[PDB]
Amino acid sequence: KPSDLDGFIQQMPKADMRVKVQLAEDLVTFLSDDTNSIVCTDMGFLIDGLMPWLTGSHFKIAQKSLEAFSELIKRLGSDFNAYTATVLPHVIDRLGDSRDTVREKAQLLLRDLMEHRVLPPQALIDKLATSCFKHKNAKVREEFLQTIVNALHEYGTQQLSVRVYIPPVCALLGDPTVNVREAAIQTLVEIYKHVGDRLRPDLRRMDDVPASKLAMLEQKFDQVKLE
């Protein structure tokens, strides 16, 4: 139905489950088309409106809110950073969502924040680290390691310094969950690709890392070296 942002904003609060999903789908469609305008009364009103969707129990609508935020990030760029502190904590929680597509759109929102320069890659990863390394949900801990990997692969050591990340990633080698232990391994391997052999003595000083895992990690690095 709605023809502009103000129209979406007005109809969001009242809307019943029925039209709520259609509204979500159309909102995303609207924001995706760069021939559509994001003129409205107050952008904060749209942000506030998306919040119950994002923090909600319907995951289709949550996912669309993430997609909606991605579109605002793309249009707003650094201007979006006014809303980062409000949105980020719930996007983090969605990294742990049971539905694979929800985690995807959440990870994509995170990449969009960096690609569209809402904040520098180091700023975002550091901020995530605060909430993610010790999150109660193993899927968040695992997803966050992947966020680090993707950010490194996309931006390289020019914008992302992972030296200070080695000890917390190493701590995850002893995670109570096997999926995380294995993710932590692969993350160090991915970091090796960027950082090179200086990582080896770095890990050797990590009295955390058992010799058996140091050895296993070194085998994996050697294997990478055979490019």
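Close contacts from the range 210-227, counting a first residue that is over 19 Å from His194 (Cβ atoms) and touching a residue at least 12 places away in the same chain (Cβ under 8 Å) and a second that is of a type in the set (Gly, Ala, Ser) and loosely packed, with under 12 Cβ neighbours inside 10 Å, with Cβ to Cβ under 6 Å and a gap of 6+ residues or different chains, come to none at all. Could you check, for the range 141-156, whether at least one of its residues is in contact with a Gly (Cβ under 8 Å, 6 or more places away or on another chain) and either acidic (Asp, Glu) or assigned to a helix (DSSP H, G or I) (or both)? Within the range 141-156, one or more residues are in contact with a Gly (Cβ under 8 Å, 6 or more places away or on another chain) and either acidic (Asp, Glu) or assigned to a helix (DSSP H, G or I) (or both). For beta carbons closer than 8 Å, sequence separation of 6+ or different chains, a first residue in the range 13-38 that is touching a residue at least 24 places away in the same chain (Cβ under 8 Å) and farther than 13 Å from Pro2 by Cα and a second that is surrounded by 14 or more Cβ atoms within 10 Å (Cβ to Cβ) and aliphatic (A, V, I, L, M), the qualifying pairs are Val21/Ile61. For the range 119-134, the criterion of being in contact (Cβ under 8 Å) with a residue 24 or more places away in the chain, more than 14 Å from the chain's Cα centre (by Cα) and assigned to a helix (DSSP H, G or I) is met by no residue. When the residues of the range 159-169 are filtered to those that are assigned to a helix (DSSP H, G or I) and in contact with a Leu (Cβ under 8 Å, 6 or more places away or on another chain), the one that is farthest from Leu95 (Cα to Cα) is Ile166. Each residue in the range 197-213 was checked for being of a type in the set (A, V, I, L, M, F, W, C) and surrounded by fewer than 14 Cβ atoms within 10 Å (Cβ to Cβ), and 1 pass. Mind checking whether some residue in the range 12-30 is surrounded by 19 or more Cβ atoms within 10 Å (Cβ to Cβ), among the aromatic types (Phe, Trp, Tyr) and in a helix (DSSP H, G or I)? Yes: the range 12-30 contains one or more residues that are surrounded by 19 or more Cβ atoms within 10 Å (Cβ to Cβ), among the aromatic types (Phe, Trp, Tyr) and in a helix (DSSP H, G or I). Mind listing just one residue for me: the one in the range 170-183 that is in a helix (DSSP H, G or I) and over 10 Å from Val209 (Cβ atoms) and, of those, farthest from the chain's Cα centre (by Cα)? The qualifying residue farthest from the chain's Cα centre (by Cα) is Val178. Within the option set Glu154, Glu142, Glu182, being free of Cβ contacts under 8 Å to residues at least 24 places away in the same chain and of a type in the set (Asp, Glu) holds for one residue only, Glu182. Flag: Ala184 matches the condition of being under 19 Å from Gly96 (Cα atoms) and of a type in the set (A, V, I, L, M, F, W, C).
From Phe80, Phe45, grab the single residue that is of a type in the set (A, V, I, L, M, F, W, C), free of Cβ contacts under 8 Å to residues at least 60 places away in the same chain and either assigned to a loop (DSSP other than H, G, I, E, B) or over 21 Å from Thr147 (Cα atoms) (or both).
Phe45
Considering the range 85-110, and only residues there that are surrounded by 17 or more Cβ atoms within 10 Å (Cβ to Cβ) and among the β-branched types (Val, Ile, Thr), the residue that is farthest from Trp53 (Cα to Cα) turns out to be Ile92. Residues in the range 129-144 that are surrounded by 22 or more Cβ atoms within 10 Å (Cβ to Cβ) and more than 19 Å from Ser57 (Cβ to Cβ): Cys132, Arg141, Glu142, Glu143, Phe144.
Neighbour counts are summed over all protein chains in view; Cβ atoms, including those assigned to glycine, are modelled from backbone coordinates with ideal geometry. All of the numbers you see were taken from the coordinates with simple rules; none came from a lab.
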